[PDB]
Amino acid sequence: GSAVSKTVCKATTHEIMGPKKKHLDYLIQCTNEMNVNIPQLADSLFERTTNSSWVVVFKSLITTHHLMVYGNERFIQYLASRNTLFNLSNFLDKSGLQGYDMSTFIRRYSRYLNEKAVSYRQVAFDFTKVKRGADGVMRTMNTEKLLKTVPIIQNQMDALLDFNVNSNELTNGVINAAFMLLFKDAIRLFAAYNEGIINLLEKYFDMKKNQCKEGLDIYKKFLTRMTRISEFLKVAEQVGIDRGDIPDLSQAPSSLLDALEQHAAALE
């Protein structure tokens, strides 16, 4: 309890480095123990986003992101239930040149964690942690849920690509640590997105005339997002990331629009 709040502060010192593994692994340990005051923990991290240093604020967001990905699901569930999550729409650290540069990136990253939280609330599971493959969640979803679900994947994606950082702006250990977590979410979210699309394209040719309209707009959007995902993956390539970890987007079903349009034409 007193130890939690103190490890939160250790994760979020003014040291210009990402949160330390020892403090992040302890916090993960916390979330999983039986009598955790999850609200109190979350509360301590929000409190550190009220701070005026960009270093503190951005490391508190990174820790929260880290804990949504690796912490007990109970942590992401609480964040998604809250009324207000991160209120950093006006954040600005005028202290120096780094503060000025890193304040736009704090505003964007805070927006992305809020969307991640809303995404979880709207479908009640984490797109980046559900069973993959031909019997996974997104491949086997039934038609109604699929059509309501794939748009929520797309809105999370869009908020991730809005961080919109160039490789030559990843100039300190804080923003890089955020970047690497954004990268991890992106490839897992794209995997969930490509899988929903596969399913959609399979079902499309037995769908009703007005489900093909919903599905056709989902797909058109999938194609525009893929051009922007490839730009983000080029930043990843530039920074030096293992190229076997970058998805090959040429494998996505990206050339079927014509088939989907002629088939909607025939349905009229």
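When you see a residue number, it is the position in the sequence shown, counting from 1.
Between 28-36 and 50-58, the higher mean Cα B-factor belongs to 28-36. Here 104-112 and 143-151 are compared by their mean Cα B-factor, and 143-151 comes out higher. The top Cα temperature factor in the record, among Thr171, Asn164, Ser89, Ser119, falls on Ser89. Comparing the C-alpha B-factors of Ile197, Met180, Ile187, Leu97 in the entry, the top value falls on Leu97. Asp43: CA B factor lies in the highest third for its chain, per the PDB record. Among all modelled residues in this chain, the alpha-carbon of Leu216 has a temperature factor (C-alpha) in the middle third. In the PDB entry, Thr227 places in the middle third of its chain by CA B-factor.
Split the chain's modelled residues into thirds by C-alpha temperature factor. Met207 is in the highest one. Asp135: CA B factor in the highest third of modelled residues in this chain (values from the PDB entry).
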